[PDB]
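Participant: This is structure14.txt (compact mmCIF, C-alpha atoms).
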# COMPACT_ATOMS: atom_id res chain seq x y z
CA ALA E 1 107.70 54.28 96.64
CA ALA E 2 103.93 54.41 96.26
CA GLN E 3 101.67 52.20 94.14
CA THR E 4 98.37 54.04 93.65
CA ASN E 5 95.21 51.89 93.32
CA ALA E 6 97.12 48.86 94.60
CA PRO E 7 95.12 45.72 95.45
CA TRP E 8 93.60 46.03 98.92
CA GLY E 9 95.93 43.39 100.37
CA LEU E 10 99.06 45.28 99.28
CA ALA E 11 97.78 48.56 100.68
CA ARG E 12 96.87 46.70 103.88
CA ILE E 13 100.40 45.46 104.62
CA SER E 14 101.81 49.01 104.45
CA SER E 15 98.99 50.70 106.44
CA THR E 16 97.85 51.08 110.05
CA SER E 17 94.16 50.97 109.13
CA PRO E 18 91.98 49.04 106.67
CA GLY E 19 90.27 50.58 103.68
CA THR E 20 93.12 52.49 102.00
CA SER E 21 94.16 51.99 98.40
CA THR E 22 97.89 52.84 98.17
CA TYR E 23 100.89 50.54 98.80
CA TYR E 24 104.01 52.20 100.31
CA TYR E 25 107.26 50.25 100.15
CA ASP E 26 111.01 50.75 99.95
CA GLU E 27 112.27 50.81 96.36
CA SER E 28 114.76 47.99 97.03
CA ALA E 29 111.56 45.97 96.52
CA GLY E 30 113.23 42.72 97.51
CA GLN E 31 116.00 42.94 94.92
CA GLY E 32 118.71 40.40 95.70
CA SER E 33 116.33 37.94 97.40
CA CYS E 34 114.72 34.79 96.03
CA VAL E 35 111.27 33.34 96.69
CA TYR E 36 110.55 29.72 95.71
CA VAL E 37 106.83 29.25 94.99
CA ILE E 38 106.07 25.59 95.72
CA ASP E 39 102.75 25.05 94.00
CA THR E 40 101.17 24.34 90.57
CA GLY E 41 103.89 26.26 88.71
CA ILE E 42 104.23 29.82 87.46
CA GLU E 43 103.38 31.20 84.03
CA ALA E 44 106.81 32.86 83.86
CA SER E 45 105.85 34.38 80.50
CA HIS E 46 103.33 36.69 82.18
CA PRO E 47 104.28 40.36 81.53
CA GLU E 48 103.64 40.93 85.24
CA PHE E 49 106.80 38.99 86.21
CA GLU E 50 109.10 40.90 83.83
CA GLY E 51 111.14 37.75 83.28
CA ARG E 52 111.98 37.54 87.00
CA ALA E 53 110.10 34.23 87.22
CA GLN E 54 111.44 30.90 86.08
CA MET E 55 110.51 27.29 86.67
CA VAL E 56 113.31 25.24 88.21
CA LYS E 57 111.62 21.93 88.92
CA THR E 58 108.54 19.87 88.10
CA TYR E 59 107.39 16.42 89.18
CA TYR E 60 104.90 16.05 86.31
CA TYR E 61 104.95 15.74 82.52
CA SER E 62 105.02 19.55 82.26
CA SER E 63 106.27 22.44 84.36
CA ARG E 64 103.59 24.78 83.03
CA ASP E 65 100.90 26.01 85.41
CA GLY E 66 97.73 24.48 83.98
CA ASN E 67 95.78 25.59 87.04
CA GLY E 68 96.54 29.23 87.85
CA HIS E 69 96.89 28.79 91.63
CA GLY E 70 100.68 28.86 91.57
CA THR E 71 100.74 31.79 89.17
CA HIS E 72 98.31 33.71 91.39
CA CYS E 73 100.50 33.12 94.44
CA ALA E 74 103.71 34.02 92.61
CA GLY E 75 101.81 37.11 91.52
CA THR E 76 101.25 38.15 95.12
CA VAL E 77 104.89 37.45 96.10
CA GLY E 78 106.62 39.43 93.39
CA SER E 79 104.65 40.51 90.32
CA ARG E 80 104.99 44.18 89.30
CA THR E 81 101.36 45.21 89.98
CA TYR E 82 100.13 42.54 92.40
CA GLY E 83 103.30 41.74 94.36
CA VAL E 84 104.78 42.66 97.73
CA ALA E 85 108.46 42.41 96.68
CA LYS E 86 108.35 43.78 93.13
CA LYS E 87 112.06 43.16 92.32
CA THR E 88 112.51 39.70 93.86
CA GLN E 89 113.50 36.63 91.85
CA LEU E 90 110.80 33.95 91.67
CA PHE E 91 111.50 30.22 91.34
CA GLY E 92 108.70 27.84 90.46
CA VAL E 93 108.72 24.31 91.88
CA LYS E 94 105.69 22.40 90.57
CA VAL E 95 104.60 19.93 93.24
CA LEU E 96 100.87 20.19 92.51
CA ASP E 97 99.25 18.84 89.35
CA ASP E 98 96.91 21.03 87.31
CA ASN E 99 94.01 20.07 89.61
CA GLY E 100 95.90 21.52 92.56
CA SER E 101 96.67 18.08 93.99
CA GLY E 102 99.90 16.39 94.92
CA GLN E 103 101.10 13.40 96.91
CA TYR E 104 102.78 14.16 100.25
CA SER E 105 105.89 12.30 99.06
CA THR E 106 106.09 14.68 96.08
CA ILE E 107 105.64 17.77 98.28
CA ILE E 108 108.46 16.55 100.54
CA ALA E 109 110.85 16.01 97.63
CA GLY E 110 109.99 19.52 96.47
CA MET E 111 110.96 20.97 99.86
CA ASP E 112 114.20 18.99 99.95
CA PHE E 113 114.84 20.17 96.38
CA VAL E 114 114.59 23.84 97.43
CA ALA E 115 116.93 23.26 100.38
CA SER E 116 119.59 22.10 97.89
CA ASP E 117 118.73 24.19 94.82
CA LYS E 118 119.25 27.52 96.59
CA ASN E 119 123.00 26.76 96.45
CA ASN E 120 122.60 26.87 92.66
CA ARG E 121 121.20 30.46 92.69
CA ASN E 122 122.55 33.96 93.41
CA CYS E 123 120.41 35.12 96.35
CA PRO E 124 122.77 37.45 98.24
CA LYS E 125 119.85 38.81 100.33
CA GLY E 126 118.48 35.42 101.39
CA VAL E 127 115.87 32.92 100.37
CA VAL E 128 112.14 32.42 101.00
CA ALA E 129 109.81 29.49 100.25
CA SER E 130 106.06 30.08 99.98
CA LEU E 131 103.92 26.96 100.54
CA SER E 132 100.26 27.55 99.71
CA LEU E 133 99.32 23.92 100.25
CA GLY E 134 98.43 21.43 102.93
CA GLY E 135 96.30 18.51 104.04
CA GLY E 136 95.93 16.39 107.15
CA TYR E 137 98.59 16.12 109.83
CA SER E 138 101.80 14.36 108.76
CA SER E 139 104.97 14.36 110.83
CA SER E 140 107.01 13.70 107.67
CA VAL E 141 105.63 16.78 105.90
CA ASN E 142 106.17 18.91 109.01
CA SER E 143 109.69 17.50 109.26
CA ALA E 144 110.38 18.40 105.65
CA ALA E 145 109.21 21.97 106.24
CA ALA E 146 111.43 22.08 109.34
CA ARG E 147 114.45 20.93 107.30
CA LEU E 148 113.75 23.57 104.65
CA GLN E 149 113.64 26.21 107.38
CA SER E 150 116.71 24.79 109.10
CA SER E 151 118.67 24.91 105.83
CA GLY E 152 118.51 28.73 105.66
CA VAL E 153 115.15 29.50 103.94
CA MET E 154 112.27 31.54 105.36
CA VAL E 155 109.33 29.10 105.08
CA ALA E 156 105.78 30.56 104.94
CA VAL E 157 102.90 28.02 104.88
CA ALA E 158 99.13 28.44 104.61
CA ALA E 159 97.13 27.67 107.75
CA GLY E 160 94.34 25.89 105.81
CA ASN E 161 90.76 26.60 104.76
CA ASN E 162 88.76 24.39 107.13
CA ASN E 163 87.77 27.01 109.73
CA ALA E 164 89.28 24.63 112.30
CA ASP E 165 92.41 24.47 114.41
CA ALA E 166 95.47 24.21 112.17
CA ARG E 167 97.09 21.66 114.50
CA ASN E 168 95.43 18.88 112.52
CA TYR E 169 97.02 20.07 109.27
CA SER E 170 100.44 19.95 107.65
CA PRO E 171 102.77 21.65 107.10
CA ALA E 172 100.68 24.29 108.91
CA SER E 173 101.17 22.54 112.28
CA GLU E 174 105.00 22.65 112.07
CA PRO E 175 106.25 25.01 114.83
CA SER E 176 109.52 26.22 113.29
CA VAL E 177 107.90 27.60 110.10
CA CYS E 178 105.64 30.66 109.62
CA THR E 179 101.95 29.58 109.51
CA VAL E 180 99.71 32.20 107.87
CA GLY E 181 96.00 32.75 108.56
CA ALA E 182 93.73 34.83 106.32
CA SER E 183 91.72 38.02 106.92
CA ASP E 184 89.44 40.15 104.70
CA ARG E 185 89.35 43.80 103.67
CA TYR E 186 87.41 44.72 106.84
CA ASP E 187 90.03 43.25 109.23
CA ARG E 188 87.83 40.22 109.93
CA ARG E 189 89.23 36.70 110.07
CA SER E 190 88.34 35.17 106.72
CA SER E 191 85.34 32.87 107.14
CA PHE E 192 87.37 29.83 105.95
CA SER E 193 90.69 30.51 107.68
CA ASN E 194 92.00 27.95 110.08
CA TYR E 195 93.13 29.24 113.48
CA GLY E 196 94.92 27.97 116.60
CA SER E 197 98.09 28.57 118.58
CA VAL E 198 100.33 27.29 115.78
CA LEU E 199 99.43 30.39 113.77
CA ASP E 200 102.16 33.02 113.69
CA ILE E 201 100.57 35.73 111.61
CA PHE E 202 97.62 36.80 109.48
CA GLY E 203 97.66 38.12 105.96
CA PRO E 204 95.18 39.36 103.37
CA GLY E 205 93.35 36.31 102.12
CA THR E 206 89.89 37.39 100.96
CA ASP E 207 89.30 38.73 97.45
CA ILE E 208 92.97 38.88 96.44
CA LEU E 209 93.61 40.16 92.91
CA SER E 210 96.63 38.56 91.27
CA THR E 211 98.05 37.15 88.06
CA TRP E 212 96.35 34.20 86.37
CA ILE E 213 97.37 31.87 83.56
CA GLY E 214 96.79 32.99 79.99
CA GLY E 215 98.31 36.35 80.83
CA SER E 216 95.18 37.32 82.73
CA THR E 217 94.33 38.29 86.30
CA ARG E 218 91.63 37.34 88.77
CA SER E 219 90.52 37.67 92.38
CA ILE E 220 90.34 34.54 94.56
CA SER E 221 90.29 33.81 98.28
CA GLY E 222 92.22 31.53 100.65
CA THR E 223 95.04 31.24 103.13
CA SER E 224 96.88 30.24 99.96
CA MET E 225 96.66 33.98 99.10
CA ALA E 226 97.65 35.20 102.55
CA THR E 227 100.83 33.05 102.55
CA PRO E 228 102.54 34.83 99.59
CA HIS E 229 101.90 38.23 101.20
CA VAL E 230 104.05 37.14 104.15
CA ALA E 231 106.52 35.32 101.89
CA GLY E 232 106.96 38.52 99.88
CA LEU E 233 107.18 40.65 103.03
CA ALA E 234 109.93 38.34 104.34
CA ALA E 235 111.94 38.77 101.12
CA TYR E 236 111.42 42.53 101.26
CA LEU E 237 112.61 42.71 104.88
CA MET E 238 115.68 40.54 104.28
CA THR E 239 116.69 42.73 101.34
CA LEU E 240 116.34 45.70 103.71
CA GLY E 241 118.71 43.84 106.05
CA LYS E 242 116.22 44.07 108.93
CA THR E 243 115.86 40.32 109.49
CA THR E 244 117.13 36.94 108.34
CA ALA E 245 115.69 33.71 107.06
CA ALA E 246 115.83 32.24 110.57
CA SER E 247 114.33 35.28 112.36
CA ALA E 248 111.86 36.70 109.83
CA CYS E 249 108.67 35.06 111.10
CA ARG E 250 109.43 36.34 114.61
CA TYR E 251 110.33 39.80 113.23
CA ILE E 252 107.12 40.01 111.21
CA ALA E 253 105.24 39.00 114.37
CA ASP E 254 107.23 41.52 116.47
CA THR E 255 106.41 44.35 114.05
CA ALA E 256 102.87 43.36 113.03
CA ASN E 257 99.71 45.38 113.57
CA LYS E 258 98.47 43.98 116.90
CA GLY E 259 94.88 43.40 118.03
CA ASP E 260 93.12 44.71 114.91
CA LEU E 261 91.34 41.62 113.62
CA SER E 262 87.84 40.53 114.51
CA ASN E 263 86.62 37.00 115.06
CA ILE E 264 90.06 35.87 116.25
CA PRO E 265 89.42 32.88 118.56
CA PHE E 266 90.82 32.77 122.06
CA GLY E 267 94.28 31.22 121.86
CA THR E 268 95.03 32.42 118.31
CA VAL E 269 97.34 35.39 117.71
CA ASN E 270 95.88 38.75 116.62
CA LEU E 271 98.67 39.99 114.34
CA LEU E 272 98.47 41.36 110.78
CA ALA E 273 101.59 41.45 108.60
CA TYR E 274 102.96 44.96 108.24
CA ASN E 275 106.05 46.41 106.56
CA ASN E 276 106.34 49.45 108.87
CA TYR E 277 107.61 51.57 106.01
CA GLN E 278 108.05 55.30 106.63
CA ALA E 279 108.45 57.60 103.61
Could I get this structure in the form of structure tokens?
Facilitator:
Amino acid sequence: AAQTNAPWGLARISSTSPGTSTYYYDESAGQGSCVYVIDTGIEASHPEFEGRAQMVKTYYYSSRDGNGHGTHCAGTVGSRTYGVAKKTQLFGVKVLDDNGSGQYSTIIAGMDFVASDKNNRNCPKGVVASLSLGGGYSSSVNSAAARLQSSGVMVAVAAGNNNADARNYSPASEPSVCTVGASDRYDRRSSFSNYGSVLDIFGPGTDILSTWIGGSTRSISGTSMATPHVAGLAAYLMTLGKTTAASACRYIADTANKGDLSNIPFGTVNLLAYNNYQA
């Protein structure tokens, strides 16, 4: 399939070179998989989700996304125009309040919720969790992300926006999950993106157009935007049968565009997520 005039990040993950505008992907489009978006929620009513989005859990007085962050990320995972895996099922777990904040103890419960709740869903092609969140280092948060991964879910987590080494941040510093840095449309490391050896992969993170609350759309930047690209790629690849929850981060790394990013610090991987699709 081909999506003409796709957002630059979508075109990027299906191309060898920057600066193209079409997104090439297999029409299975992640059908049969499930991506849990652990964030501020998802405006499931957005026409862009086609009713493939649904909230499954909140830790606050409402499950609505009063912020837009979560909706934007869910947009990049699986929305019809802005998404990597256009036929995936999206589950919203609201661990962040409408200011984008949440206690670590709430984030952990959310992860443990997903590890159990996937046994309540039909995901014959496997399960992904996208975690566009983080703060300072916490072994308990890392441990929770490790449990979520161990339970059979492909966990993608943002590297952080401090332009520092992600080892001082969680869950980004957890080895067994997929930690996602951010790059821009010119294959440059995004100015804010954390780095370090714990990074597994880079994704489009600068000027990412996605869904917003109120049935709108907008462009924002962050590793929070890179993460859902890789989460959606994972779901796409598992539907294709090419990898599994446990092996997807390694597979994406194996098959990534290598050596193409500028301003990658010594000791940080130079790998850009890539679907390797051939029409």
Participant: Which residues of segment 113-174 of chain E come within 8 Å of segment 189-204 of chain E, and for each one, what is the closest pair of atoms and their distance in Å to one decimal, counting only C-alpha atoms, sorted by chain and residue number, as JSON lines?
Facilitator:
{"residue": "E:159", "atom": "CA", "partner": "E:194", "partner_atom": "CA", "distance": 5.6}
{"residue": "E:160", "atom": "CA", "partner": "E:194", "partner_atom": "CA", "distance": 5.3}
{"residue": "E:161", "atom": "CA", "partner": "E:192", "partner_atom": "CA", "distance": 4.8}
{"residue": "E:162", "atom": "CA", "partner": "E:194", "partner_atom": "CA", "distance": 5.6}
{"residue": "E:163", "atom": "CA", "partner": "E:194", "partner_atom": "CA", "distance": 4.3}
{"residue": "E:164", "atom": "CA", "partner": "E:194", "partner_atom": "CA", "distance": 4.8}
{"residue": "E:165", "atom": "CA", "partner": "E:196", "partner_atom": "CA", "distance": 4.8}
{"residue": "E:166", "atom": "CA", "partner": "E:194", "partner_atom": "CA", "distance": 5.5}
{"residue": "E:167", "atom": "CA", "partner": "E:198", "partner_atom": "CA", "distance": 6.6}
{"residue": "E:172", "atom": "CA", "partner": "E:198", "partner_atom": "CA", "distance": 7.5}
{"residue": "E:173", "atom": "CA", "partner": "E:198", "partner_atom": "CA", "distance": 6.0}
{"residue": "E:174", "atom": "CA", "partner": "E:198", "partner_atom": "CA", "distance": 7.6}
Participant: Since we have the selection now, will you write its residues out, keeping C-alpha atoms, as a JSON list (two decimals), in the coordinates of the input?
Facilitator:
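Just written: selection.json:
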[["chain", "number", "residue", "atom", "x", "y", "z"],
["E", 159, "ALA", "CA", 97.13, 27.67, 107.75],
["E", 160, "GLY", "CA", 94.34, 25.89, 105.81],
["E", 161, "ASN", "CA", 90.76, 26.60, 104.76],
["E", 162, "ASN", "CA", 88.76, 24.39, 107.13],
["E", 163, "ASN", "CA", 87.77, 27.01, 109.73],
["E", 164, "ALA", "CA", 89.28, 24.63, 112.30],
["E", 165, "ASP", "CA", 92.41, 24.47, 114.41],
["E", 166, "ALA", "CA", 95.47, 24.21, 112.17],
["E", 167, "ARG", "CA", 97.09, 21.66, 114.50],
["E", 172, "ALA", "CA", 100.68, 24.29, 108.91],
["E", 173, "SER", "CA", 101.17, 22.54, 112.28],
["E", 174, "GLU", "CA", 105.00, 22.65, 112.07]]
Participant: Hey, can you check how far atom CA of residue 79 of chain E sits from atom CA of residue 158 of chain E?
Facilitator: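 Computing it gives 19.5 Å between the two atoms.
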Participant: May I have the residues within 10 Å of segment 12-27 of chain E as a ChimeraX atom specification, using all atoms listed in the file and disregarding those fewer than 3 positions away in the same chain?
Facilitator: /E:1-9,30-31,84-87,184-187,203-204,229-230,233,236-237,239-240,256-258,260,272-279
Participant: Just the number, please: distance in Å from atom CA of residue 110 of chain E to atom CA of residue 146 of chain E, one decimal.
Facilitator: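 About the pair atom CA of residue 110 of chain E and atom CA of residue 146 of chain E: they are 13.2 Å apart.
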Participant: Smallest atom-to-atom distance to residue 223 of chain E: which of E:262, E:139, E:132, E:243, using only C-alpha atoms?
Facilitator: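 Smallest distance to residue 223 of chain E is found for E:132.
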Participant: Within 8 Å of segment 46-60 of chain E, which residues of segment 83-161 of chain E show up? Give each one with its shortest atom-to-atom distance in Å (one decimal) and the two atoms involved, counting only C-alpha atoms, rows by chain then rising residue number, as JSON lines.
Facilitator:
{"residue": "E:87", "atom": "CA", "partner": "E:52", "partner_atom": "CA", "distance": 7.7}
{"residue": "E:88", "atom": "CA", "partner": "E:52", "partner_atom": "CA", "distance": 7.2}
{"residue": "E:89", "atom": "CA", "partner": "E:52", "partner_atom": "CA", "distance": 5.2}
{"residue": "E:90", "atom": "CA", "partner": "E:53", "partner_atom": "CA", "distance": 4.5}
{"residue": "E:91", "atom": "CA", "partner": "E:54", "partner_atom": "CA", "distance": 5.3}
{"residue": "E:92", "atom": "CA", "partner": "E:55", "partner_atom": "CA", "distance": 4.2}
{"residue": "E:93", "atom": "CA", "partner": "E:57", "partner_atom": "CA", "distance": 4.8}
{"residue": "E:94", "atom": "CA", "partner": "E:58", "partner_atom": "CA", "distance": 4.5}
{"residue": "E:95", "atom": "CA", "partner": "E:59", "partner_atom": "CA", "distance": 6.0}
{"residue": "E:97", "atom": "CA", "partner": "E:60", "partner_atom": "CA", "distance": 7.0}
{"residue": "E:106", "atom": "CA", "partner": "E:59", "partner_atom": "CA", "distance": 7.2}
Participant: Mind pulling up the distance from atom CA of residue 126 of chain E to atom CA of residue 224 of chain E?
Facilitator: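 We find that atom CA of residue 224 of chain E and atom CA of residue 126 of chain E lie 22.3 Å from each other.
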Participant: Need the neighbours of (115.9, 25.4, 93.4): which residues are at most 8 Å away, counting only C-alpha atoms, as a VMD selection string?
Facilitator: chain E and resid 36 56 to 57 91 93 113 to 121
Participant: Quick one: residues within 7 Å of (99.6, 29.0, 88.4) (file frame), counting all atoms listed in the file, please, as number ranges by chain.
Facilitator: E: 40-43, 65-72, 212-213
Participant: Of the residues E:44, E:105, E:33, E:28, which is the one nearest to residue 211 of chain E, using all atoms listed in the file?
Facilitator: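 Of the candidates, the smallest distance to residue 211 of chain E is held by E:44.
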Participant: Pick from E:142, E:178, E:215, E:77: nearest to residue 251 of chain E, with all atoms listed in the file counted?
Facilitator: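 Closest to residue 251 of chain E, using all atoms listed in the file: E:178.
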Participant: Please, what is the axis-aligned box for every listed atom of segment 135-147 of chain E with 6 Å on each side, as centre and edge lengths in Å to one decimal, as AutoDock Vina command-line options?
Facilitator:
--center_x 105.2 --center_y 17.9 --center_z 107.4 --size_x 30.5 --size_y 20.4 --size_z 18.8
Participant: Considering all atoms listed in the file, state which residue in the set E:214, E:112, E:125, E:133 is at the smallest distance from residue 45 of chain E.
Facilitator: E:214
Participant: When distances are computed from all atoms listed in the file, which of E:96, E:35, E:177, E:208 shows the smallest separation from residue 234 of chain E?
Facilitator: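 Once distances to residue 234 of chain E are computed over all atoms listed in the file, the minimum belongs to E:35.
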Participant: Here is a test: counting all atoms listed in the file, which residue of E:148, E:153, E:34, E:109 is nearest to residue 122 of chain E?
Facilitator: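 Of E:148, E:153, E:34, E:109, the one nearest residue 122 of chain E, counting all atoms listed in the file, is E:34.
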